[PDB]
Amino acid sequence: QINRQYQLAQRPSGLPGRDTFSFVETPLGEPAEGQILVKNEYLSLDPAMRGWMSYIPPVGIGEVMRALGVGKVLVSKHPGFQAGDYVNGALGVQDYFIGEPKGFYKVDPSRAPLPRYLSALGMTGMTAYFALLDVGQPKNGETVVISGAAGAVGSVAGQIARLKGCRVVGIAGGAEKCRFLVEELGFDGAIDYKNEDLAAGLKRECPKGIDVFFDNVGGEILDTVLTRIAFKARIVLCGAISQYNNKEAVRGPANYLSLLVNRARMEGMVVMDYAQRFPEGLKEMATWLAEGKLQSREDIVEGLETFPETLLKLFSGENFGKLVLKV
């Protein structure tokens, strides 16, 4: 049995294209004590990958590329897991995972499709959940603005905010995504940053200011949102995708003093800090899904070999929904 794997060959400069990865065929090993062996089925493609090439150590050169995934346990030398289980874990960009199941959890394939355990019922879902609710602390009637709003995190964030009684405004790229936000996910409004002036969009959509800004994007979008925040607003720093491929320095928010004028808070978060609360998060999210109160879209791309090419879709805005790679 062969285990195909993408390895990190070189730390990339800007956008990471080919020759950044090395496609390698190594023989399938066997798990040691405390380890499990997993047949990888669906891989999560995440903007955080660029950073992996910080809050977590980077990928070692010559190591398998880091990747969250869902897979079938073939064998287990670990009390927590048994052969036949389906697991969410750091499975890597390869056919098969062998190692310590640290922070792995079982998923039930009969209750939801596997790729869902990478979105709304996975990491991106939890990010939206804990970031919005614990850090954003939205309340009934508050104006909630979300960047990267048609994405996996933003789309779930927008909807939970809607369920909390918030007026929800999405900032997204292109007419199709902005239409999706309003007609499908139930956002109160949308701003197409690619086609309309963002400031005028915000003035239109948030005339009395913004109480909660969920930032997935950073850059000029963040800086413009800053001129419009309300007294005691919360800015959740979830990501800065517009900056991840910078050869140049990060674009700092020149309107940051709005946080002073408005006595507002800007706070960062990392989803793994909430691991102890995952079951309660996953449980409540699941009931939202079942009740039709929240919708999750996955964008599945087939074939492990397409990894380098498919990854770039996140940075070109080419993904429509949570990007998943079928192995």
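One-based numbering along the sequence shown.
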{"item": "Residue 54 preceded by how many uncoordinated deposited residues after residue 53", "value": "4 to 9"}
{"item": "Average Cα temperature factor in the PDB entry - higher stretch of 266 to 274, 58 to 66", "value": "58 to 66"}
{"item": "Mean Cα B-factor comparison, 213 to 221 or 179 to 187, giving the higher one as deposited", "value": "179 to 187"}
{"item": "Which of 245, 137, 159, 255 ranks first by CA B-factor in the deposited coordinates", "value": "245"}
{"item": "Residue of maximum C-alpha B factor among 201, 170, 109, 125, per deposited coordinates", "value": "109"}
{"item": "Within-chain third of residue 44 by Cα B-factor, per the entry", "value": "lowest"}
{"item": "CA B-factor ranking of residue 259, expressed as a third of its chain", "value": "lowest"}
{"item": "Chain third (lowest, middle, highest) by recorded CA B-factor, residue given as residue 116", "value": "middle"}
{"item": "Ranked against its chain, the third holding the CA B-factor of residue 89", "value": "lowest"}
{"item": "Relative C-alpha B-factor of residue 105, binned into the chain's lowest, middle or highest third", "value": "middle"}
